[PDB]
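Just below is one structure, and these are the notes that go with it.
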Amino acid sequence: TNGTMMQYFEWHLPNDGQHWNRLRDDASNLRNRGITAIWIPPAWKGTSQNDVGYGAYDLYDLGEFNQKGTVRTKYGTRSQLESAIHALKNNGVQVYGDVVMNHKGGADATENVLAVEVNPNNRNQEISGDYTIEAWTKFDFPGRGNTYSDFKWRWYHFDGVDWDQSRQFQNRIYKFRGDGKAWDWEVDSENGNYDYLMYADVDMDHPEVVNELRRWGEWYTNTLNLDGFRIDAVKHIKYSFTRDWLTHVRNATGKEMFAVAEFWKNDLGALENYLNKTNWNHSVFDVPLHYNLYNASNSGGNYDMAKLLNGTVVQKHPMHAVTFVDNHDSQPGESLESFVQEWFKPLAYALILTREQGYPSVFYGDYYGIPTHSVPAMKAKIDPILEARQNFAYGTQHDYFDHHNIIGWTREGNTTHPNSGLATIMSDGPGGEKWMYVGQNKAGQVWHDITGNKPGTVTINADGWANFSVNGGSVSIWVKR
Ligand SMILES: C[C@H]1O[C@H](O[C@H]2[C@H](O)[C@@H](O)[C@@H](O[C@H]3[C@H](O)[C@@H](O)[C@H](O)O[C@@H]3CO)O[C@@H]2CO)[C@H](O)[C@@H](O)[C@@H]1N[C@H]1C=C(CO)[C@@H](O[C@H]2O[C@H](CO)[C@@H](O[C@H]3O[C@H](CO)[C@@H](O[C@H]4O[C@H](CO)[C@@H](O[C@H]5O[C@H](C)[C@@H](N[C@H]6C=C(CO)[C@@H](O)[C@H](O)[C@H]6O)[C@H](O)[C@H]5O)[C@H](O)[C@H]4O)[C@H](O)[C@H]3O)[C@H](O)[C@H]2O)[C@H](O)[C@H]1O
Ligand SMILES: [Ca+2]
Ligand SMILES: [Ca+2]
Ligand SMILES: [Ca+2]
Ligand code: NA
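For what it's worth, the entry's author numbering labels the leading residue of the sequence shown as 5, then goes sequentially.
Here it is, written out as structure tokens:
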């Protein structure tokens, strides 16, 4: 059976503490639609109650301590999360936790630290003399005390900050002075060295930090019975640290732990470097495919559809690609805004859901809508595609990426999964037809469009061929009636 992940949040969810409850209520529903794994938002305490969670204050506070002016996170309390996960586990759905280790925000107090300024466009270049700044580096976790962990963070656990509380200049980055203080390596080389991103940057060279993060990893996994991870911001984290952290947590827990890493760069070469340096021990989001889809959706029919997979992770390394259409960063108004246009969106979902390559991810914002911006729920359009993946998308695949508008592929089905087999056909331009092979054994069967976009039927010929059709700017998915 085909695996399907859902990203179960978007940026603009309400701060009503109800999100874990929503997830609990949806557990049977998701299982029935073919969702086999859920990626939950940051579960820990952020810099405030309405923090999406990437301003990660205390990784041991899952909405259970009174810190940052709130007990619950944005999403709910720890006991509410724990019953949502039980509901999921009871329905055979796996749970992936987000993992934010690059930085810590929302320090309890400042410290006076000797620092040097570096060039924001080249963090290898020092551009000032040394001087003392007031840095937000002191974390004591007053609400939690020493429960679960007695580790306290101080300036020397960090490499630098972008904020001097005493002077309050913008567009500065401060590297701390001290013995063996340097930006970590290997990290992405955009801006010279891209170790520094935001908040207080974690020093992955520091042996107490490495030990603390490994131990937090086991604790998080065990406390919540997680089946895997989505790892945040990996281009800004020393590559060998991520590789060995994951191995550690897998060894310590005895579980396989699937992991997908967010390496945000539209560059297949950079992604292959990352995968080589981490020894192929986890997957990456297919960021190049997201940009291909985004650009195709904006090209008004003029994109060359035969080239839709060129330069992508899924084309080259299918077993290490998590495919997606949109996420909380590409949604309107957000940091990496590059939202796939609504008319193309069912085509993009058919591409990732009905081909044999890659591990696909459905976005909450697409499925349930983004009411704050004007994005309607596309549940009605995505559901039949999820049904095709669940029941029909099996067996040998035949690809027809051979025209600038009209492309398609077929699946022959297999003997496990009866009635399985399909022909997907789509056009970014005018409608039309394509001759495609579904298998000699399907001769004489009558097929219909599961999307309901094309009314009518198609009878498979004596040799296993049929002329499948599609409307303009549309997708049809043909299966046995
Ligand atoms: C979003 C994405 O970013 C990166 O991607 C880059 C990319 O790498 C780069 O290459 C390029 O991409 C291009 C591609 O390469 C191309 O190939 C392609 O073609 O085109 C692309 C061009 O678009 O650009 C990209 C975007 O820049 C990165 O690589 C990705 O990984 C990343 N996505 C993931 C990463 C995330 C981080 O976890 C996450 O980001 C979210 O969430 C962020 C955090 O909320 C948010 O960040 C923004 O907002 C922050 C908060 O405002 C801001 O922080 C700054 O300001 C703070 C003040 O608010 C500073 O805090 C310090 O000072 C305060 C005062 C302190 N508070 C005190 C004070 C008090 C009162 O006295 C009290 O209230 C408190 O209690 C006290 O403590 C505090 O403690 C201090 O620490 C802070 O230091 C500042 O940094 C961030 O800077 C700002 O960025 C993101 O916007 C958002 O997206 C993603 O969701 C995740 O998926
Ligand atoms: Ca870093
Ligand atoms: Ca360092
Ligand atoms: Ca075209
Ligand atoms: Na660092």
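Heads up, the beta-carbon is just placed ideally off N, CA and C, and yes, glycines get one too.
Could you give the distance in angstroms between the alpha-carbon of residue i and the alpha-carbon of residue j?
i	j	result
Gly-417	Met-440	15 Å
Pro-45	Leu-313	29 Å
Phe-328	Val-317	12 Å
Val-56	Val-366	19 Å
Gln-98	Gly-109	29 Å
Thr-227	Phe-267	27 Å
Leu-250	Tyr-79	26 Å
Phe-155	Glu-14	32 Å
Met-105	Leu-217	8 Å
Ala-470	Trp-482	11 Å
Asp-102	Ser-83	18 Å
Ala-310	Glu-437	15 Å
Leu-118	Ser-153	28 Å
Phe-69	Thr-151	10 Å
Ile-89	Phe-233	14 Å
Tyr-61	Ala-111	7 Å
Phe-180	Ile-137	9 Å
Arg-171	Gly-164	16 Å
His-402	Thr-5	19 Å
Is any heavy atom in ligand 4 found nearer than 7 Å to the beta carbon of residue i?
i	result
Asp-308	yes
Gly-412	no
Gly-433	yes
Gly-221	no
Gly-305	yes
Which one of the options has the shortest CA to CA distance from residue i?
i	options	result
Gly-196	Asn-125, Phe-245 and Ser-132	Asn-125
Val-264	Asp-236, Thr-461 and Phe-173	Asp-236
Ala-300	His-377, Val-288, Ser-342 and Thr-251	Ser-342
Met-9	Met-430, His-421 and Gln-394	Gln-394
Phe-245	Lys-383, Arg-76, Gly-147 and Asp-207	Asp-207
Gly-59	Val-479, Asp-205 and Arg-148	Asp-205
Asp-29	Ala-381, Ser-87 and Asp-248	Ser-87
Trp-48	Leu-66, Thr-40 and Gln-361	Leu-66
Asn-423	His-324, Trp-167 and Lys-484	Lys-484
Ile-177	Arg-148, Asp-231 and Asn-128	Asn-128
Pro-388	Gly-373, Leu-351, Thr-414 and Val-104	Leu-351
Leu-201	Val-191, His-324 and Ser-478	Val-191
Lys-185	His-161, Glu-194, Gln-169 and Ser-170	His-161
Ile-42	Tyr-12, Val-120 and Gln-53	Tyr-12
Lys-383	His-294, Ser-193, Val-479 and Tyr-353	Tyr-353
Looking at the strands, I want to know which residues DSSP matches up with residue i.
i	result
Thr-455	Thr-455 is not bridged to any residue.
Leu-27	Its beta-bridge partners do not exist; DSSP assigns none.
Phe-343	Bridge partners of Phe-343: none, in fact.
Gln-11	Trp-43 and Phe-367
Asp-102	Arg-234
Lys-179	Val-120 and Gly-164
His-107	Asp-205
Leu-426	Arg-415
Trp-157	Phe-143
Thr-114	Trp-140
How about residue i: is its Cβ closer than 7 Å to a heavy atom in ligand 3?
i	result
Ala-139	no
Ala-263	no
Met-105	no
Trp-187	yes
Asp-209	yes
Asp-248	no
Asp-163	yes
Using only the heavy atoms of ligand 1, determine whether one of them is closer than 7 Å to the beta carbon of residue i.
i	result
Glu-266	yes
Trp-48	no
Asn-126	no
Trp-167	yes
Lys-259	no
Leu-340	yes
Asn-116	no
Shorter than 7 Å, the distance from the beta carbon of residue i to the closest heavy atom of ligand 5, or not?
i	result
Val-206	yes
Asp-183	no
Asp-192	no
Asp-236	no
Can you tell me whether residue i sits near ligand 7, meaning its C-beta is under 7 Å from at least one heavy atom of the ligand?
i	result
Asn-409	This structure lacks ligand 7; its bound ligands are ligand 1, ligand 2, ligand 3, ligand 4 and ligand 5.
Is any heavy atom in ligand 2 found nearer than 7 Å to the beta carbon of residue i?
i	result
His-452	no
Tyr-200	yes
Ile-241	yes
Worksheet item: Are the region 446-462 and the region 19-34 in contact at 8 Å, needing three or more beta carbon pairs?
Response: In the pairwise beta carbon analysis, the region 446-462 is classified as not touching the region 19-34: fewer than three pairs are separated by under 8 Å.
Practice prompt. Determine, using beta-carbon pairs with one atom in the region 331-340 and one in the region 367-378, whether at least three such pairs fall under 8 Å.
Written response: At 8 Å Cβ cutoff, the stretches touch.
Worksheet item: Does the region 240-255 touch the region 134-146, meaning 3 or more C-beta pairs lie closer than 8 Å?
Response: Flag = no, the region 134-146 and the region 240-255 do not touch.
Practice prompt. Say whether the region 462-474 touches the region 417-435, bearing in mind that this needs 3 or more beta-carbon pairs closer than 8 Å, one atom from each stretch.
Written response: Contact holds between the region 462-474 and the region 417-435, because three or more Cβ pairs, one in each stretch, are under 8 Å apart.
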